[PDB]
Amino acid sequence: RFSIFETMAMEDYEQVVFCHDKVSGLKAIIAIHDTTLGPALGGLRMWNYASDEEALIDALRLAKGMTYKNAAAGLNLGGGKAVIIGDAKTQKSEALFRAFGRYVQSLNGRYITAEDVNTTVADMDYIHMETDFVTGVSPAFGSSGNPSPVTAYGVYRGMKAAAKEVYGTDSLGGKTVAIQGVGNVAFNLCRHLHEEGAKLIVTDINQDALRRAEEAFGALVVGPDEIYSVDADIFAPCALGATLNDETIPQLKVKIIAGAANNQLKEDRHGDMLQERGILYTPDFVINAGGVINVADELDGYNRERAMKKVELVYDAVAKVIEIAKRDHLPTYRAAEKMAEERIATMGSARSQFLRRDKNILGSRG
């Protein structure tokens, strides 16, 4: 059934750009959903898609995702995402990333790219050779801009906010948090949680990762399949997405979900289930926004203190989604979508009077 244009119509996508270069064998999709708030910011992601169609669907899905992520995050950015089709192991060249960066320069700052999955500051520095519409590449972001602890602080602050609602106190003192995954971002969330005096049950597909964790925080290890059934107050999915589904959600003994993974929900039903089951689902794209807020900050000359003080406010953003769920009698995830759509609409109206020059987040556009 799937028709590029019927999807763009139904979902209201602005632009989808297909890019090819001969010598680099570049096949790239830049997807731009909504730019009401400003330039579309979204990671470049490289992957071995089975078909053109697989890649388009992923590009579109992830682009609309950034529209909500960025809008809710209070950022003056739209929803975009780019995607290269190929083997990240074998097909990265200079020409690949230069050619792509040229096609990013072609859109004259409607798309701003950054590192995502299977792409690195090294790749972005090739893009940077052709365009200034790339972020996470400056000396300031290079020196003291190491992103993991900032995403983590976002998630930490958002969890605090959720706890205030259900428990009546934002203290995570003597709370048990089930933590799926102990990657960089998770490891740093564990640190804030241990320092507040919280009990940590964890899992990971990696053994060295697990032992580093139990060594440093004294966390009880548990089997990948057990983590959902475990007896804890808060579940924190920080590994993969679609971890909240038909199979896992009935197991949950927790009162809050508050993790770092993108697209925790496998389907929207799973949002409404967590609802019926009386579990407060603190939505992905609100809580883990810290990552995008960090690169967005570079656009204005990077300052980690300012980034952290802006991410500190993920608490206030979560608390607003809760308020909106109660007030509009909606499930958390649909309240977060509303909050983002309310803001887009509001600023589309509040800035609809003529100025010879409107100020946007591109300082010196290049």
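The numbering used is simple: start at 1 and walk along the sequence shown.
Higher mean CA temperature factor, per the PDB entry, when comparing 252-260 with 191-199: 191-199. Of the two segments examined, 238-246 and 203-211, it is 203-211 that shows the higher average Cα temperature factor in the deposited entry.
Per the PDB entry, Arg306 shows the highest C-alpha temperature factor of the residues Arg306, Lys27, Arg61, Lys69. In this structure the maximum Cα B-factor among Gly168, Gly109, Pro283, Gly79 is found at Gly168. For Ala140, the recorded CA temperature factor ranks within the highest third of the chain's modelled residues. The entry lists a Cα temperature factor for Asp34 that places it in the lowest third of the chain's modelled residues. Per the deposited record, the Cα B-factor of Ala50 falls in the highest third when ranked against the other modelled residues of its chain. Ranked against the other modelled residues of its chain, the C-alpha B-factor of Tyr228 as given in the entry falls in the middle third. Remark: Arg157 belongs to the middle third of its chain, ranked by C-alpha B-factor as recorded.
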